[PDB]
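Source file target_37.pdb; content: PDB, C-alpha atoms.
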ATOM      1  CA  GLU P  70     114.698  54.856 115.156  1.00  0.00           C
ATOM      2  CA  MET P  71     111.367  53.527 116.438  1.00  0.00           C
ATOM      3  CA  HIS P  72     108.561  51.723 114.617  1.00  0.00           C
ATOM      4  CA  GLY P  73     105.420  50.118 116.022  1.00  0.00           C
ATOM      5  CA  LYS P  74     103.206  47.820 113.964  1.00  0.00           C
ATOM      6  CA  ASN P  75      99.399  47.913 114.093  1.00  0.00           C
ATOM      7  CA  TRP P  76      98.996  47.575 117.857  1.00  0.00           C
ATOM      8  CA  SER P  77     102.514  47.869 119.312  1.00  0.00           C
ATOM      9  CA  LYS P  78     103.159  50.667 121.804  1.00  0.00           C
ATOM     10  CA  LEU P  79     106.763  51.689 122.403  1.00  0.00           C
ATOM     11  CA  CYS P  80     108.710  54.588 123.891  1.00  0.00           C
ATOM     12  CA  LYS P  81     112.218  55.815 124.662  1.00  0.00           C
ATOM     13  CA  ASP P  82     113.269  57.800 127.739  1.00  0.00           C
ATOM     14  CA  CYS P  83     109.784  57.371 129.150  1.00  0.00           C
ATOM     15  CA  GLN P  84     107.864  56.760 132.370  1.00  0.00           C
ATOM     16  CA  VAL P  85     104.609  54.831 131.928  1.00  0.00           C
ATOM     17  CA  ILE P  86     101.949  53.491 134.308  1.00  0.00           C
ATOM     18  CA  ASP P  87     100.209  51.556 131.525  1.00  0.00           C
ATOM     19  CA  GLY P  88      97.448  49.280 132.778  1.00  0.00           C
ATOM     20  CA  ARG P  89      93.763  48.434 132.404  1.00  0.00           C
ATOM     21  CA  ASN P  90      92.422  50.074 135.576  1.00  0.00           C
ATOM     22  CA  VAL P  91      94.713  52.746 137.027  1.00  0.00           C
ATOM     23  CA  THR P  92      93.909  55.133 139.877  1.00  0.00           C
ATOM     24  CA  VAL P  93      96.179  57.599 141.670  1.00  0.00           C
ATOM     25  CA  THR P  94      95.020  59.211 144.896  1.00  0.00           C
ATOM     26  CA  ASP P  95      95.960  62.040 147.290  1.00  0.00           C
ATOM     27  CA  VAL P  96      98.776  63.088 144.949  1.00  0.00           C
ATOM     28  CA  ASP P  97     100.583  66.419 145.209  1.00  0.00           C
ATOM     29  CA  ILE P  98     102.055  66.504 141.683  1.00  0.00           C
ATOM     30  CA  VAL P  99     101.368  63.732 139.171  1.00  0.00           C
ATOM     31  CA  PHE P 100     103.386  65.006 136.193  1.00  0.00           C
ATOM     32  CA  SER P 101     106.487  67.138 136.720  1.00  0.00           C
ATOM     33  CA  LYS P 102     109.098  68.029 134.102  1.00  0.00           C
ATOM     34  CA  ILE P 103     111.594  70.781 134.955  1.00  0.00           C
ATOM     35  CA  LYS P 104     114.215  71.746 132.387  1.00  0.00           C
TER      36      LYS P 104
ATOM     37  CA  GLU B  70     112.602  59.263 113.707  1.00  0.00           C
ATOM     38  CA  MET B  71     109.264  57.818 114.835  1.00  0.00           C
ATOM     39  CA  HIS B  72     106.564  56.009 112.866  1.00  0.00           C
ATOM     40  CA  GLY B  73     103.417  54.287 114.113  1.00  0.00           C
ATOM     41  CA  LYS B  74     101.327  52.006 111.913  1.00  0.00           C
ATOM     42  CA  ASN B  75      97.517  52.008 111.917  1.00  0.00           C
ATOM     43  CA  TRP B  76      97.000  51.540 115.653  1.00  0.00           C
ATOM     44  CA  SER B  77     100.460  51.869 117.234  1.00  0.00           C
ATOM     45  CA  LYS B  78     100.956  54.600 119.831  1.00  0.00           C
ATOM     46  CA  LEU B  79     104.513  55.685 120.581  1.00  0.00           C
ATOM     47  CA  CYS B  80     106.340  58.579 122.224  1.00  0.00           C
ATOM     48  CA  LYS B  81     109.789  59.861 123.150  1.00  0.00           C
ATOM     49  CA  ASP B  82     110.691  61.771 126.321  1.00  0.00           C
ATOM     50  CA  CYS B  83     107.174  61.217 127.600  1.00  0.00           C
ATOM     51  CA  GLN B  84     105.164  60.458 130.734  1.00  0.00           C
ATOM     52  CA  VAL B  85     101.973  58.471 130.123  1.00  0.00           C
ATOM     53  CA  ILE B  86      99.270  56.995 132.370  1.00  0.00           C
ATOM     54  CA  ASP B  87      97.669  55.110 129.472  1.00  0.00           C
ATOM     55  CA  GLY B  88      94.925  52.733 130.561  1.00  0.00           C
ATOM     56  CA  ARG B  89      91.275  51.814 130.037  1.00  0.00           C
ATOM     57  CA  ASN B  90      89.792  53.321 133.213  1.00  0.00           C
ATOM     58  CA  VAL B  91      91.969  55.996 134.820  1.00  0.00           C
ATOM     59  CA  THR B  92      91.014  58.272 137.715  1.00  0.00           C
ATOM     60  CA  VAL B  93      93.165  60.732 139.659  1.00  0.00           C
ATOM     61  CA  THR B  94      91.862  62.213 142.893  1.00  0.00           C
ATOM     62  CA  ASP B  95      92.655  64.985 145.404  1.00  0.00           C
ATOM     63  CA  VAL B  96      95.520  66.173 143.191  1.00  0.00           C
ATOM     64  CA  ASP B  97      97.237  69.533 143.616  1.00  0.00           C
ATOM     65  CA  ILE B  98      98.822  69.765 140.146  1.00  0.00           C
ATOM     66  CA  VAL B  99      98.284  67.058 137.527  1.00  0.00           C
ATOM     67  CA  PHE B 100     100.367  68.475 134.659  1.00  0.00           C
ATOM     68  CA  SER B 101     103.396  70.659 135.356  1.00  0.00           C
ATOM     69  CA  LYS B 102     106.069  71.692 132.855  1.00  0.00           C
ATOM     70  CA  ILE B 103     108.468  74.473 133.876  1.00  0.00           C
ATOM     71  CA  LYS B 104     111.150  75.580 131.429  1.00  0.00           C
TER      72      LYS B 104
ATOM     73  CA  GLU U  70     116.722  50.375 116.675  1.00  0.00           C
ATOM     74  CA  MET U  71     113.404  49.184 118.112  1.00  0.00           C
ATOM     75  CA  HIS U  72     110.491  47.397 116.449  1.00  0.00           C
ATOM     76  CA  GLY U  73     107.357  45.927 118.012  1.00  0.00           C
ATOM     77  CA  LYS U  74     105.014  43.623 116.112  1.00  0.00           C
ATOM     78  CA  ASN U  75     101.219  43.826 116.363  1.00  0.00           C
ATOM     79  CA  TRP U  76     100.937  43.626 120.148  1.00  0.00           C
ATOM     80  CA  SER U  77     104.509  43.872 121.474  1.00  0.00           C
ATOM     81  CA  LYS U  78     105.312  46.735 123.845  1.00  0.00           C
ATOM     82  CA  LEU U  79     108.960  47.677 124.287  1.00  0.00           C
ATOM     83  CA  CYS U  80     111.032  50.569 125.608  1.00  0.00           C
ATOM     84  CA  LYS U  81     114.595  51.725 126.219  1.00  0.00           C
ATOM     85  CA  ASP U  82     115.803  53.783 129.188  1.00  0.00           C
ATOM     86  CA  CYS U  83     112.359  53.498 130.728  1.00  0.00           C
ATOM     87  CA  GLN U  84     110.534  53.049 134.030  1.00  0.00           C
ATOM     88  CA  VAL U  85     107.216  51.198 133.764  1.00  0.00           C
ATOM     89  CA  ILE U  86     104.605  50.013 136.276  1.00  0.00           C
ATOM     90  CA  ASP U  87     102.722  48.033 133.622  1.00  0.00           C
ATOM     91  CA  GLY U  88      99.945  45.879 135.045  1.00  0.00           C
ATOM     92  CA  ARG U  89      96.228  45.121 134.824  1.00  0.00           C
ATOM     93  CA  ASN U  90      95.040  46.904 137.980  1.00  0.00           C
ATOM     94  CA  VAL U  91      97.450  49.560 139.259  1.00  0.00           C
ATOM     95  CA  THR U  92      96.806  52.063 142.049  1.00  0.00           C
ATOM     96  CA  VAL U  93      99.202  54.525 143.679  1.00  0.00           C
ATOM     97  CA  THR U  94      98.195  56.277 146.884  1.00  0.00           C
ATOM     98  CA  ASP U  95      99.291  59.158 149.145  1.00  0.00           C
ATOM     99  CA  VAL U  96     102.052  60.049 146.676  1.00  0.00           C
ATOM    100  CA  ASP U  97     103.954  63.334 146.760  1.00  0.00           C
ATOM    101  CA  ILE U  98     105.308  63.260 143.186  1.00  0.00           C
ATOM    102  CA  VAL U  99     104.461  60.424 140.797  1.00  0.00           C
ATOM    103  CA  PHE U 100     106.409  61.542 137.711  1.00  0.00           C
ATOM    104  CA  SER U 101     109.581  63.603 138.060  1.00  0.00           C
ATOM    105  CA  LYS U 102     112.124  64.332 135.327  1.00  0.00           C
ATOM    106  CA  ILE U 103     114.719  67.042 135.999  1.00  0.00           C
ATOM    107  CA  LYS U 104     117.276  67.848 133.314  1.00  0.00           C
TER     108      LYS U 104
ATOM    109  CA  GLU Z  70      67.010  52.995 169.986  1.00  0.00           C
ATOM    110  CA  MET Z  71      69.524  55.183 168.144  1.00  0.00           C
ATOM    111  CA  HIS Z  72      70.377  58.862 168.570  1.00  0.00           C
ATOM    112  CA  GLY Z  73      73.134  60.900 166.939  1.00  0.00           C
ATOM    113  CA  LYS Z  74      74.089  64.373 168.139  1.00  0.00           C
ATOM    114  CA  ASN Z  75      74.917  67.250 165.782  1.00  0.00           C
ATOM    115  CA  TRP Z  76      77.576  65.482 163.719  1.00  0.00           C
ATOM    116  CA  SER Z  77      77.490  61.827 164.819  1.00  0.00           C
ATOM    117  CA  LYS Z  78      76.760  59.206 162.162  1.00  0.00           C
ATOM    118  CA  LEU Z  79      75.577  55.799 163.334  1.00  0.00           C
ATOM    119  CA  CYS Z  80      73.874  52.714 161.921  1.00  0.00           C
ATOM    120  CA  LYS Z  81      72.662  49.233 162.821  1.00  0.00           C
ATOM    121  CA  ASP Z  82      72.821  46.158 160.578  1.00  0.00           C
ATOM    122  CA  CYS Z  83      74.765  48.173 158.032  1.00  0.00           C
ATOM    123  CA  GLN Z  84      77.622  47.970 155.537  1.00  0.00           C
ATOM    124  CA  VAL Z  85      79.514  51.237 155.031  1.00  0.00           C
ATOM    125  CA  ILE Z  86      82.567  52.273 152.997  1.00  0.00           C
ATOM    126  CA  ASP Z  87      82.698  55.704 154.647  1.00  0.00           C
ATOM    127  CA  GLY Z  88      85.790  57.695 153.725  1.00  0.00           C
ATOM    128  CA  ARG Z  89      86.996  60.995 152.278  1.00  0.00           C
ATOM    129  CA  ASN Z  90      87.991  59.817 148.789  1.00  0.00           C
ATOM    130  CA  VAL Z  91      86.362  56.542 147.737  1.00  0.00           C
ATOM    131  CA  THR Z  92      86.477  54.948 144.284  1.00  0.00           C
ATOM    132  CA  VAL Z  93      85.219  51.542 143.158  1.00  0.00           C
ATOM    133  CA  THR Z  94      86.230  50.199 139.763  1.00  0.00           C
ATOM    134  CA  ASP Z  95      85.354  47.397 137.314  1.00  0.00           C
ATOM    135  CA  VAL Z  96      82.511  46.288 139.596  1.00  0.00           C
ATOM    136  CA  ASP Z  97      79.757  43.913 138.504  1.00  0.00           C
ATOM    137  CA  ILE Z  98      77.207  44.770 141.219  1.00  0.00           C
ATOM    138  CA  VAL Z  99      77.914  47.429 143.846  1.00  0.00           C
ATOM    139  CA  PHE Z 100      74.681  47.253 145.867  1.00  0.00           C
ATOM    140  CA  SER Z 101      72.719  44.009 146.113  1.00  0.00           C
ATOM    141  CA  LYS Z 102      69.872  43.257 148.520  1.00  0.00           C
ATOM    142  CA  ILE Z 103      67.771  40.145 147.861  1.00  0.00           C
ATOM    143  CA  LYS Z 104      64.895  39.339 150.201  1.00  0.00           C
TER     144      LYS Z 104
ATOM    145  CA  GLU I  70      70.850  51.605 173.025  1.00  0.00           C
ATOM    146  CA  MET I  71      73.361  53.666 171.038  1.00  0.00           C
ATOM    147  CA  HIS I  72      74.319  57.332 171.318  1.00  0.00           C
ATOM    148  CA  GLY I  73      77.076  59.245 169.539  1.00  0.00           C
ATOM    149  CA  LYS I  74      78.154  62.728 170.594  1.00  0.00           C
ATOM    150  CA  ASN I  75      78.982  65.503 168.118  1.00  0.00           C
ATOM    151  CA  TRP I  76      81.531  63.600 166.036  1.00  0.00           C
ATOM    152  CA  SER I  77      81.386  59.987 167.259  1.00  0.00           C
ATOM    153  CA  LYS I  78      80.510  57.301 164.713  1.00  0.00           C
ATOM    154  CA  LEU I  79      79.277  53.966 166.033  1.00  0.00           C
ATOM    155  CA  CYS I  80      77.455  50.883 164.775  1.00  0.00           C
ATOM    156  CA  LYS I  81      76.184  47.465 165.825  1.00  0.00           C
ATOM    157  CA  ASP I  82      76.198  44.316 163.682  1.00  0.00           C
ATOM    158  CA  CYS I  83      78.113  46.195 161.014  1.00  0.00           C
ATOM    159  CA  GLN I  84      80.886  45.837 158.444  1.00  0.00           C
ATOM    160  CA  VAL I  85      82.844  49.035 157.773  1.00  0.00           C
ATOM    161  CA  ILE I  86      85.859  49.925 155.617  1.00  0.00           C
ATOM    162  CA  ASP I  87      86.126  53.402 157.147  1.00  0.00           C
ATOM    163  CA  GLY I  88      89.238  55.281 156.069  1.00  0.00           C
ATOM    164  CA  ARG I  89      90.482  58.500 154.477  1.00  0.00           C
ATOM    165  CA  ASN I  90      91.341  57.184 151.002  1.00  0.00           C
ATOM    166  CA  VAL I  91      89.598  53.920 150.107  1.00  0.00           C
ATOM    167  CA  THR I  92      89.568  52.213 146.708  1.00  0.00           C
ATOM    168  CA  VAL I  93      88.191  48.806 145.733  1.00  0.00           C
ATOM    169  CA  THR I  94      89.062  47.327 142.356  1.00  0.00           C
ATOM    170  CA  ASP I  95      88.042  44.471 140.028  1.00  0.00           C
ATOM    171  CA  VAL I  96      85.244  43.512 142.429  1.00  0.00           C
ATOM    172  CA  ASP I  97      82.398  41.176 141.498  1.00  0.00           C
ATOM    173  CA  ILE I  98      79.954  42.187 144.258  1.00  0.00           C
ATOM    174  CA  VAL I  99      80.807  44.910 146.773  1.00  0.00           C
ATOM    175  CA  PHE I 100      77.635  44.885 148.894  1.00  0.00           C
ATOM    176  CA  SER I 101      75.601  41.702 149.306  1.00  0.00           C
ATOM    177  CA  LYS I 102      72.809  41.104 151.819  1.00  0.00           C
ATOM    178  CA  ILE I 103      70.612  38.030 151.327  1.00  0.00           C
ATOM    179  CA  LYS I 104      67.788  37.375 153.777  1.00  0.00           C
TER     180      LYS I 104
ATOM    181  CA  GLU T  70      74.803  50.244 176.025  1.00  0.00           C
ATOM    182  CA  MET T  71      77.295  52.167 173.883  1.00  0.00           C
ATOM    183  CA  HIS T  72      78.355  55.815 174.002  1.00  0.00           C
ATOM    184  CA  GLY T  73      81.097  57.590 172.065  1.00  0.00           C
ATOM    185  CA  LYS T  74      82.299  61.078 172.959  1.00  0.00           C
ATOM    186  CA  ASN T  75      83.112  63.744 170.362  1.00  0.00           C
ATOM    187  CA  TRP T  76      85.537  61.704 168.264  1.00  0.00           C
ATOM    188  CA  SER T  77      85.343  58.139 169.617  1.00  0.00           C
ATOM    189  CA  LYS T  78      84.312  55.392 167.197  1.00  0.00           C
ATOM    190  CA  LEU T  79      83.041  52.139 168.675  1.00  0.00           C
ATOM    191  CA  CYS T  80      81.098  49.063 167.588  1.00  0.00           C
ATOM    192  CA  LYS T  81      79.777  45.719 168.800  1.00  0.00           C
ATOM    193  CA  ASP T  82      79.637  42.499 166.768  1.00  0.00           C
ATOM    194  CA  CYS T  83      81.505  44.234 163.973  1.00  0.00           C
ATOM    195  CA  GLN T  84      84.179  43.715 161.326  1.00  0.00           C
ATOM    196  CA  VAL T  85      86.193  46.834 160.478  1.00  0.00           C
ATOM    197  CA  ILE T  86      89.153  47.569 158.191  1.00  0.00           C
ATOM    198  CA  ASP T  87      89.562  51.089 159.589  1.00  0.00           C
ATOM    199  CA  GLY T  88      92.681  52.846 158.341  1.00  0.00           C
ATOM    200  CA  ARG T  89      93.951  55.974 156.596  1.00  0.00           C
ATOM    201  CA  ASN T  90      94.655  54.517 153.142  1.00  0.00           C
ATOM    202  CA  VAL T  91      92.800  51.272 152.422  1.00  0.00           C
ATOM    203  CA  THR T  92      92.609  49.452 149.087  1.00  0.00           C
ATOM    204  CA  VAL T  93      91.113  46.050 148.280  1.00  0.00           C
ATOM    205  CA  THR T  94      91.830  44.434 144.929  1.00  0.00           C
ATOM    206  CA  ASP T  95      90.657  41.530 142.740  1.00  0.00           C
ATOM    207  CA  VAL T  96      87.919  40.727 145.265  1.00  0.00           C
ATOM    208  CA  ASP T  97      84.985  38.437 144.513  1.00  0.00           C
ATOM    209  CA  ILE T  98      82.665  39.607 147.317  1.00  0.00           C
ATOM    210  CA  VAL T  99      83.673  42.390 149.705  1.00  0.00           C
ATOM    211  CA  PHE T 100      80.576  42.522 151.929  1.00  0.00           C
ATOM    212  CA  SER T 101      78.477  39.412 152.522  1.00  0.00           C
ATOM    213  CA  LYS T 102      75.761  38.975 155.147  1.00  0.00           C
ATOM    214  CA  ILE T 103      73.469  35.944 154.837  1.00  0.00           C
ATOM    215  CA  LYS T 104      70.717  35.449 157.402  1.00  0.00           C
TER     216      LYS T 104
END

Show how you would write the structure in this file as structure tokens.
Amino acid sequence: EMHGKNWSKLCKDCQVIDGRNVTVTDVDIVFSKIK
Amino acid sequence: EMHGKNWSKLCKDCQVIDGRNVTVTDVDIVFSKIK
Amino acid sequence: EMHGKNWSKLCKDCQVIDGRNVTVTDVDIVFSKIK
Amino acid sequence: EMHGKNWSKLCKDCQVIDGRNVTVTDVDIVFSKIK
Amino acid sequence: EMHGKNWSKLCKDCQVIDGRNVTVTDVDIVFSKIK
Amino acid sequence: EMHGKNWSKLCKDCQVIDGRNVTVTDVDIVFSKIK
């Protein structure tokens, strides 16, 4: 199970680029999820 | 199970670019989900 | 189980580029998850 | 003297960030010219 | 004298960050010219 | 004198960071020209 408390961010089986200022440039595909 | 509490952000099997200022540029496909 | 407390960020089976200023450039695929 | 020809960009006593995709972030002052 | 021809970019007494993708981050002052 | 021809970029008394992908981070002052 998962449980965050009042500001806590949490994940499982995840891919995160968490950060204050975040820029991505010239990309071909940012998000891709084939199943 | 999942449970956030009053400000807590959480996910499972996710892809996040969480952040204060976020820009993406020149992209071809940002979100892609084939199934 | 997982439990963060009021600012604590935590994950399991994860890939994170957490950081204040984060830029990625010229990428072909940023996020990829085949299953 | 200065003379450009049909696509030529030129300057003198200049500061340029010329480029296809250009982003500036979190800045305090972008342009400043005190005299 | 200066003379560019049909795509040629040129300057004198200049500061350039010319380039295809260009990002500047967290800056305090990008352009400053005191005289 | 200076003369570029149809793609040639040239300068005199210059400071250039010419390049395809160019990022500057955490800077205090990027351009400064006191006279």

- Query: Using the chain letters and numbers from the file, which residues does the PyMOL selection byres ((chain I and resi 94) around 8) grab, as a list in words?
  - Reply: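 Selected by the PyMOL selection byres ((chain I and resi 94) around 8) here: residues 90 of chain U; 93, 94, 95 and 96 of chain Z; 92, 93, 95 and 96 of chain I; 92, 93, 94, 95 and 96 of chain T.
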
- Message: One number please: CA of residue 81 (chain Z) to CA of residue 97 (chain Z), in Å, one decimal.
- Response: 25.9 Å

- Query: In Å, with one decimal, what is the gap from CA of residue 78 (chain P) to CA of residue 103 (chain P)?
  - Reply: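 The value is 25.5 Å.
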
Can you list, as a PDB file with C-alpha atoms, in the coordinates of the input, the residues that the PyMOL selection byres ((chain B and resi 87) around 7) selects here?
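Once everything was written out, this is part-v5.pdb:
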ATOM      1  CA  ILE P  86     101.949  53.491 134.308  1.00  0.00           C
ATOM      2  CA  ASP P  87     100.209  51.556 131.525  1.00  0.00           C
ATOM      3  CA  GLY P  88      97.448  49.280 132.778  1.00  0.00           C
TER       4      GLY P  88
ATOM      5  CA  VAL B  85     101.973  58.471 130.123  1.00  0.00           C
ATOM      6  CA  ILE B  86      99.270  56.995 132.370  1.00  0.00           C
ATOM      7  CA  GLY B  88      94.925  52.733 130.561  1.00  0.00           C
TER       8      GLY B  88
END

Same-sequence overlay, chain B on chain T, C-alpha least squares, as a tab-separated table (two decimals) with C-alpha atoms, in the coordinates of the input:
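Written out: selection39.tsv:
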chain	number	residue	atom	x	y	z
B	70	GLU	CA	74.80	50.24	176.03
B	71	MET	CA	77.29	52.17	173.88
B	72	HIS	CA	78.35	55.81	174.00
B	73	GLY	CA	81.10	57.59	172.07
B	74	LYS	CA	82.30	61.08	172.96
B	75	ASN	CA	83.11	63.74	170.36
B	76	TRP	CA	85.54	61.70	168.26
B	77	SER	CA	85.34	58.14	169.62
B	78	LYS	CA	84.31	55.39	167.20
B	79	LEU	CA	83.04	52.14	168.68
B	80	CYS	CA	81.10	49.06	167.59
B	81	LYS	CA	79.78	45.72	168.80
B	82	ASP	CA	79.64	42.50	166.77
B	83	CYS	CA	81.51	44.23	163.97
B	84	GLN	CA	84.18	43.71	161.33
B	85	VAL	CA	86.19	46.83	160.48
B	86	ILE	CA	89.15	47.57	158.19
B	87	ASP	CA	89.56	51.09	159.59
B	88	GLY	CA	92.68	52.85	158.34
B	89	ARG	CA	93.95	55.97	156.60
B	90	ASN	CA	94.65	54.52	153.14
B	91	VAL	CA	92.80	51.27	152.42
B	92	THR	CA	92.61	49.45	149.09
B	93	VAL	CA	91.11	46.05	148.28
B	94	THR	CA	91.83	44.43	144.93
B	95	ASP	CA	90.66	41.53	142.74
B	96	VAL	CA	87.92	40.73	145.26
B	97	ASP	CA	84.98	38.44	144.51
B	98	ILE	CA	82.66	39.61	147.32
B	99	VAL	CA	83.67	42.39	149.71
B	100	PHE	CA	80.57	42.52	151.93
B	101	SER	CA	78.48	39.41	152.52
B	102	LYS	CA	75.76	38.98	155.15
B	103	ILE	CA	73.47	35.94	154.84
B	104	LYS	CA	70.72	35.45	157.40

- Task: Provide the CA of residue 104 (chain B) to CA of residue 104 (chain P) distance in Å, to one decimal place.
- Result: 5.0 Å

- Contact set, chain T to chain Z: 9 Å, only C-alpha atoms, as JSON, numbers by chain: {"T": [75, 76, 89, 100]}

Keeping only C-alpha atoms, write the selected residues as a PDB file, in the coordinates of the input.
ATOM      1  CA  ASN T  75      83.112  63.744 170.362  1.00  0.00           C
ATOM      2  CA  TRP T  76      85.537  61.704 168.264  1.00  0.00           C
ATOM      3  CA  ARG T  89      93.951  55.974 156.596  1.00  0.00           C
ATOM      4  CA  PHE T 100      80.576  42.522 151.929  1.00  0.00           C
TER       5      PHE T 100
END

- Task: For the structure provided, state which residues fall under the PyMOL selection byres ((chain T and resi 70) around 8), and present them as a list in words.
- Result: residues 70 and 71 of chain I; 71 and 72 of chain T

Edge lengths and centre, in Å to one decimal, as lines of an AutoDock Vina configuration file: that's what I need for the box along x, y and z that holds all listed atoms of region 73-76 of chain B plus 6 Å on each side.
center_x = 100.2
center_y = 52.9
center_z = 113.8
size_x = 18.4
size_y = 14.7
size_z = 15.7

Final N, CA and C atoms of region 80-104 of chain I as a PDB file, in the frame of the given file:
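Output below, filename out-v7.pdb:
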ATOM      1  N   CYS I  80      78.379  51.803 165.419  1.00  0.00           N
ATOM      2  CA  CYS I  80      77.455  50.883 164.775  1.00  0.00           C
ATOM      3  C   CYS I  80      77.340  49.608 165.595  1.00  0.00           C
ATOM      4  N   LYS I  81      76.388  48.766 165.207  1.00  0.00           N
ATOM      5  CA  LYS I  81      76.184  47.465 165.825  1.00  0.00           C
ATOM      6  C   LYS I  81      75.770  46.487 164.741  1.00  0.00           C
ATOM      7  N   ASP I  82      76.390  45.308 164.737  1.00  0.00           N
ATOM      8  CA  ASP I  82      76.198  44.316 163.682  1.00  0.00           C
ATOM      9  C   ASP I  82      76.483  44.933 162.312  1.00  0.00           C
ATOM     10  N   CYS I  83      77.725  45.372 162.145  1.00  0.00           N
ATOM     11  CA  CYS I  83      78.113  46.195 161.014  1.00  0.00           C
ATOM     12  C   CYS I  83      79.399  45.674 160.390  1.00  0.00           C
ATOM     13  N   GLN I  84      79.645  46.117 159.160  1.00  0.00           N
ATOM     14  CA  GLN I  84      80.886  45.837 158.444  1.00  0.00           C
ATOM     15  C   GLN I  84      81.306  47.135 157.770  1.00  0.00           C
ATOM     16  N   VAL I  85      82.432  47.701 158.192  1.00  0.00           N
ATOM     17  CA  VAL I  85      82.844  49.035 157.773  1.00  0.00           C
ATOM     18  C   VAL I  85      84.261  48.980 157.218  1.00  0.00           C
ATOM     19  N   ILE I  86      84.513  49.757 156.163  1.00  0.00           N
ATOM     20  CA  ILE I  86      85.859  49.925 155.617  1.00  0.00           C
ATOM     21  C   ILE I  86      86.252  51.390 155.767  1.00  0.00           C
ATOM     22  N   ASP I  87      85.857  51.994 156.885  1.00  0.00           N
ATOM     23  CA  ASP I  87      86.126  53.402 157.147  1.00  0.00           C
ATOM     24  C   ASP I  87      87.603  53.739 156.982  1.00  0.00           C
ATOM     25  N   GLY I  88      87.876  54.824 156.263  1.00  0.00           N
ATOM     26  CA  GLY I  88      89.238  55.281 156.069  1.00  0.00           C
ATOM     27  C   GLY I  88      89.346  56.439 155.100  1.00  0.00           C
ATOM     28  N   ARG I  89      90.401  57.246 155.223  1.00  0.00           N
ATOM     29  CA  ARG I  89      90.482  58.500 154.477  1.00  0.00           C
ATOM     30  C   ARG I  89      90.397  58.266 152.972  1.00  0.00           C
ATOM     31  N   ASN I  90      91.374  57.571 152.405  1.00  0.00           N
ATOM     32  CA  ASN I  90      91.341  57.184 151.002  1.00  0.00           C
ATOM     33  C   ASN I  90      91.065  55.691 150.914  1.00  0.00           C
ATOM     34  N   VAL I  91      90.014  55.317 150.188  1.00  0.00           N
ATOM     35  CA  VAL I  91      89.598  53.920 150.107  1.00  0.00           C
ATOM     36  C   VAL I  91      89.215  53.609 148.669  1.00  0.00           C
ATOM     37  N   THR I  92      89.904  52.651 148.055  1.00  0.00           N
ATOM     38  CA  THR I  92      89.568  52.213 146.708  1.00  0.00           C
ATOM     39  C   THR I  92      89.383  50.705 146.694  1.00  0.00           C
ATOM     40  N   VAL I  93      88.378  50.233 145.961  1.00  0.00           N
ATOM     41  CA  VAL I  93      88.191  48.806 145.733  1.00  0.00           C
ATOM     42  C   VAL I  93      88.185  48.587 144.228  1.00  0.00           C
ATOM     43  N   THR I  94      88.820  47.510 143.778  1.00  0.00           N
ATOM     44  CA  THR I  94      89.062  47.327 142.356  1.00  0.00           C
ATOM     45  C   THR I  94      88.764  45.896 141.936  1.00  0.00           C
ATOM     46  N   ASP I  95      88.291  45.746 140.698  1.00  0.00           N
ATOM     47  CA  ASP I  95      88.042  44.471 140.028  1.00  0.00           C
ATOM     48  C   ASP I  95      86.954  43.658 140.712  1.00  0.00           C
ATOM     49  N   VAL I  96      86.162  44.275 141.592  1.00  0.00           N
ATOM     50  CA  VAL I  96      85.244  43.512 142.429  1.00  0.00           C
ATOM     51  C   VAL I  96      84.158  42.873 141.567  1.00  0.00           C
ATOM     52  N   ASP I  97      83.591  41.780 142.076  1.00  0.00           N
ATOM     53  CA  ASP I  97      82.398  41.176 141.498  1.00  0.00           C
ATOM     54  C   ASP I  97      81.127  41.674 142.177  1.00  0.00           C
ATOM     55  N   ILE I  98      81.053  41.591 143.503  1.00  0.00           N
ATOM     56  CA  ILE I  98      79.954  42.187 144.258  1.00  0.00           C
ATOM     57  C   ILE I  98      80.546  42.875 145.479  1.00  0.00           C
ATOM     58  N   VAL I  99      80.293  44.175 145.619  1.00  0.00           N
ATOM     59  CA  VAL I  99      80.807  44.910 146.773  1.00  0.00           C
ATOM     60  C   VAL I  99      79.902  44.712 147.981  1.00  0.00           C
ATOM     61  N   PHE I 100      78.622  45.039 147.834  1.00  0.00           N
ATOM     62  CA  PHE I 100      77.635  44.885 148.894  1.00  0.00           C
ATOM     63  C   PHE I 100      76.702  43.735 148.548  1.00  0.00           C
ATOM     64  N   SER I 101      76.506  42.827 149.498  1.00  0.00           N
ATOM     65  CA  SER I 101      75.601  41.702 149.306  1.00  0.00           C
ATOM     66  C   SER I 101      74.914  41.410 150.628  1.00  0.00           C
ATOM     67  N   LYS I 102      73.587  41.308 150.597  1.00  0.00           N
ATOM     68  CA  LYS I 102      72.809  41.104 151.819  1.00  0.00           C
ATOM     69  C   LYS I 102      71.577  40.275 151.454  1.00  0.00           C
ATOM     70  N   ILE I 103      71.687  38.964 151.635  1.00  0.00           N
ATOM     71  CA  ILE I 103      70.612  38.030 151.327  1.00  0.00           C
ATOM     72  C   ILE I 103      69.901  37.661 152.619  1.00  0.00           C
ATOM     73  N   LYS I 104      68.573  37.694 152.596  1.00  0.00           N
ATOM     74  CA  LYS I 104      67.788  37.375 153.777  1.00  0.00           C
ATOM     75  C   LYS I 104      66.438  36.788 153.392  1.00  0.00           C
TER      76      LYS I 104
END
